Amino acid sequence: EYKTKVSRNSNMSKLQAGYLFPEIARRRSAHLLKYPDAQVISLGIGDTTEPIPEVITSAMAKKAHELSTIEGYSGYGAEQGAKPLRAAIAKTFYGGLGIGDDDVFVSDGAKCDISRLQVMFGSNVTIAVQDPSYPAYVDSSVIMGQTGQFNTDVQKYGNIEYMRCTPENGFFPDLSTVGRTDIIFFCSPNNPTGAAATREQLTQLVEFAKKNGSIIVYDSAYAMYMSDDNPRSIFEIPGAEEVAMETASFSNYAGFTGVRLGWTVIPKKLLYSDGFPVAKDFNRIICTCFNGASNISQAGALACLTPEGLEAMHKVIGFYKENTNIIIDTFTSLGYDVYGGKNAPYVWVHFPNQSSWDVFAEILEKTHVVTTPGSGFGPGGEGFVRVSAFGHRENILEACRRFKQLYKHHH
């Protein structure tokens, strides 16, 4: 067989396995080949299940129709996003926090922004992450060449600061033990633990970043699930404007997981060590590596940020929060230590004396329910399993009845 003389990217070689979520999808698919008539309930991947509200879909359909008319047709959009959408995001989520329309960059989703930010930061920065956390932060770091190899003793990529988050520390790290890095990826409410940082904790985080001269990338993808009275934006913390940016999405708010619309906010006062504004480099990346979010998706997002849109999103969110309560109650009644579920649409269940992959496989084989192994979220996730609350009500109820039946005589 012929091979080129092009050397494979050594950063790709570093990755220890495939990306987590397609591996879960693969295992689900394998299970269905084994048992074609299994009534599988999927609570692994955090995939929304309920329909998008009609007020929002009607806006998208209207835009689609408009694109077939002379007056209503539009081509390329500004890569940063339509001005009225940037304005709506700025006022709805950041009104009173000193965020301008020009500080908002509309994306086709938070996952995509994480990687474009990583291209922007480049190969020479060091990163810190919560341990456990959503695996895109670590994997994008590896891809960009910010890391060393995977160390199998500790299950960590070299040169990444893994900030230990545990039940005993309330899932917020002891910052006195955290080494200095250039970037700190911080998710609140955290995926997978569900932990929402308090105002006091976020104040610590901003103070830590300021003293270390670090940039915080704050992922607020689940913030509208907040029930406790905690900040939903990092910009609620005075001084955050000098050290932080925020990335978020409509995925979990409007069921836009397939529609694709999010945003990143980079404040004017966020500067590199040479005084160059970080937002100006992000703008160059967005203008060079991207051609903007879909015009139909943008029209949908604009409809979200209206009284009817916000009401509709609130209802969807509330439904999933009720699902979460059902799941918490099930695992609590079975005698497990259960974390999260208060401020986020997933629950974080401790399974002592078992590997999380083994628990995942057992649950899938015996109950035909898909979950996510905690170790997929980093070494601090070992011994835990994440259960998503996204599902039709009857599916959540059925999954819980299956869990109870499996575990009630043990557990």
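Quick note: we count residues from 1 along the sequence shown, nothing fancier.
Legend: mean Cα B-factor per stretch from the PDB entry, 100 to 108 versus 331 to 339; the higher mean is in 331 to 339. For the segment pair 163 to 171 and 203 to 211, the entry gives 163 to 171 the higher mean B-factor, averaged over Cα atoms. Between the residues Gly300, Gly179, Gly309, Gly258, it is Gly179 that shows the highest Cα B-factor in the PDB record.
As recorded in the entry, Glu71 carries the highest CA temperature factor of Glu236, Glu246, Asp139, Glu71. For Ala61, the recorded CA B-factor ranks within the lowest third of the chain. Only modelled residues enter the ranking. For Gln39, the recorded CA B-factor ranks within the highest third of the chain. Only modelled residues enter the ranking. Ranked against the other modelled residues of its chain, the C-alpha B-factor of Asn9 as given in the entry falls in the lowest third. Among all modelled residues in its chain, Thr372 ranks in the middle third by Cα B-factor. Among all modelled residues in its chain, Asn325 ranks in the highest third by Cα B-factor.
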